[PDB]
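For the protein sequence lines, the chains are B and A, in the order given. Just so it is clear: in the first sequence, position 147 is 147 by the authors' numbering, and no numbers are missing. Just so it is clear: in the second sequence, position 73 is 73 by the authors' numbering, and no numbers are missing. Reading through the C-alpha cells given below for one structure.
Protein chains: 2
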Amino acid sequence: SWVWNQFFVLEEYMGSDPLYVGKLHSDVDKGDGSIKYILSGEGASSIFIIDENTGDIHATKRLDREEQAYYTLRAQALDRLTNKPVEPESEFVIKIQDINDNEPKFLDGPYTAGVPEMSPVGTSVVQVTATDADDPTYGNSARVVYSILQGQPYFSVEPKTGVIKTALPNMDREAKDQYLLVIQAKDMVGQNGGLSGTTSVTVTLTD
Amino acid sequence: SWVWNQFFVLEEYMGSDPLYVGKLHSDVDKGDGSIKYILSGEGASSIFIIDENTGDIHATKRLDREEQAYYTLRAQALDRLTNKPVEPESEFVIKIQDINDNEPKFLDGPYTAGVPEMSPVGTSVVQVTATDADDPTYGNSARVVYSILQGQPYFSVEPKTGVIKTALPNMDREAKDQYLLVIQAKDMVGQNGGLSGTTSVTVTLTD
Ligand SMILES: [Ca+2]
Ligand SMILES: [Ca+2]
Ligand SMILES: [Ca+2]
Ligand SMILES: [Ca+2]
Ligand SMILES: [Ca+2]
Ligand SMILES: [Ca+2]
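Shown next as C-alpha cells:
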C-alpha cells in the first residue's frame, strides 16, 4: 500500500514566522466550518499547533532532527455540533527533515594497532569508524568517504569502510617501528562543501 | 476519508537549491532498493523530478500559482528488475501555495459617471471594481478595500463594494458641475503591507 500520512518540516529554522507543516483535511469538508480538526500525540499543542477550522499545522520552535527525528500524532475530525467523528481517528507522522549540520566524528579515536613487520601488501591493520549524526537516507549529509591525510604511501584506507591496510612490502622494524597516521572522514561523499572529522592512528610493527 | 496525497510548494521561490516537495513510499519497500518510484502527469520529469530509489521529489524551477495552481500526477512503484508494478498506481496533487504578489487592478477604468445635482446624501454614482489575481479562497491576498484618495468630502466610497456615493447635500451644478476622484483598492483588506492600485472617476452633475 501507498503510505501518504506524513508531513515534514526542516530542522534548525531560525526565523520568527512559525513554519507551515501541512493541512489536516477530510474530503467530507464542505468549507463551511462544520468540521473541527483536532491534534493529539507527540508535540501536539506545544511544538505543533493546529487551526481547528482550516486544519493548518505549524511548528512553534526551532527543531533538531538529531534530538528527535520524527513525531507520531493523531488526527481527528469532529462535527462541531455533536462532537461526533466524521472520520475515524488516524495516526500520522511529522518528520523532521535533515540538514547537514553534523561533522563526521571518530568517537572511538584515537586508535592504536599492531601489524607484523614484513606483512604482505594489503594486510588489514585496523578499521576506523566515523559516525555522522545526520540522515544517511537523505542526500549525502551522512555519506562519508575516508582518506589518509598523512601516511600515504606507507598505508592505504578503503574510502567507504575505513579499513586501513599496509601498502609497502618488507617493512623493517629495526629501521622504523612505528607510524603515526592521520585519517579523515568527509561527508557529502567527500565532495566540496562536505563537513569533515579526523583521527590519529599509531601503528606499531610487531615481530 | 482523510486526504493525505497532497504536497505543497510555495510559489515564486528564487533559490538555486531545488525545493523539496515530499516523498513517495510503498510499504512493500523493504529498504533494499528493489523498488523503483516513478512519476507521470503534470510537470513530471521536468518541473518535478524524483529520486527513483528514495521516492524524494523536488521542484526544479520557480513556480507561479497564477500560471498554474495545482499539478495532478501519478505515482508508480515498479520492480527494479522487471519494470512491472508492485502497487496499483496512485494519483496525487502538488498544490502551489499563494503569496501576495499581484496588486489590485482597475481593468475597466478609468470611469465616468453622472449624478443629479441637489441629490440626497448617499446617492449612488457609480460602482468601481478592482480585480486581484491572487488567491481569493483563503486569506486576504485578493480581498480588497476601497478608499478615496482625492475627492473627500464631496463623495464617499463603500469600502467593500466600491459603490461611490454623494457625501455633501445641495451640490449646485451652476457652482461646479464636474469632480475628479481618485480611488484606491488595497488588498490584505487595506492593512499595512497590502498592495494597491488606483483609478480615477470623472463625475458630472446633471439635471
Ligand atoms: Ca540538527
Ligand atoms: Ca554530516
Ligand atoms: Ca542534521
Ligand atoms: Ca505569482
Ligand atoms: Ca494581491
Ligand atoms: Ca500570488
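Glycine included, each C-beta is placed from N, C-alpha and C at the ideal position.
Note: A/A77 is bridge-paired with A/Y37 in the DSSP secondary-structure output. The region 64-71 of chain A and the region 89-98 of chain A touch, with no fewer than 3 CB-CB distances between them shorter than 8 Å. For B/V93, the closest Cβ of chain A is not nearer than 8 Å.
DSSP, reduced to helix, strand and coil, places A/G190 within a helical segment of the structure shown. If you draw a straight line from the Cα of A/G33 to the Cα of A/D51, it is about 12 Å long.
The way I'd put it, the region 159-167 of chain A does touch the region 117-136 of chain A; three or more beta-carbon pairs between them come closer than 8 Å. Setting aside the 5 residues that flank it on each side, B/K84 is surrounded in the same chain by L78, each with a C-beta closer than 8 Å to its C-beta; the list follows chain order. DSSP places B/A175 in the coil class of the three-state scheme, outside both helix and strand. At a cut-off of 8 Å, the C-beta of A/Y20 has a neighbouring C-beta in chain B. Residues with their Cβ less than 6 Å from any non-hydrogen atom of ligand 2, running along the chain, are B/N100, B/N102, B/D132, B/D134, B/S141, B/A142, B/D187, B/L195.
At a cut-off of 8 Å between beta carbons, B/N5 contacts chain A. In the DSSP assignment, A/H58 falls within the unbroken beta strand (DSSP E) covering 56-59. The closest CA to that of B/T60, considering only B/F106, B/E12, B/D207, B/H25, is found on B/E12. Inter-residue distance for B/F7 and A/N140 is about 26 Å (C-alpha atoms, whole angstroms).
In this structure, B/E67 has its beta carbon at no less than 7 Å from each heavy atom of ligand 3. With fewer than 16 neighbouring CB atoms inside 10 Å of its own CB, A/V28 falls in the exposed class. The nearest non-hydrogen atom of ligand 1 is 7 Å or more from the C-beta of B/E52. If you check the C-beta of B/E11 against ligand 1, you find a heavy atom less than 7 Å away. Here B/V144 is near B/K186, since their CB atoms are less than 8 Å apart.
Below the 9 Å Cβ cutoff, chain B contributes no neighbours of A/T60, its closest Cβ being approximately 16 Å away. Restricted to the region 1-50 of chain B, the beta strand (DSSP E) segments that are unbroken, complete and at least 3 residues in length are 6-10, 19-23, 35-41, 48-50, listed in chain order.
Within chain B, no residue has its CB atom less than 9 Å from the CB of A/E67, the nearest being about 22 Å off. Only buried fits A/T199, as 16 or more other CB atoms lie within 10 angstroms of its CB. For the region 71-92 of chain A, the set of residues with a beta-carbon nearer than 9 Å to any beta-carbon of chain B comprises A75, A77, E87, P88, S90, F92, in chain order. With its beta carbon at least 8 Å from every one in chain A, B/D32 lies outside the interface. Within a 10 Å sphere around the beta-carbon of A/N102 sit 16 or more other beta-carbons, which makes this residue buried.
When Cβ pairs closer than 8 Å are counted between the two stretches, the region 168-178 of chain B is seen not to touch the region 40-59 of chain B, the count staying below three. When DSSP states are grouped into helix, strand and coil, B/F106 belongs to the coil group.
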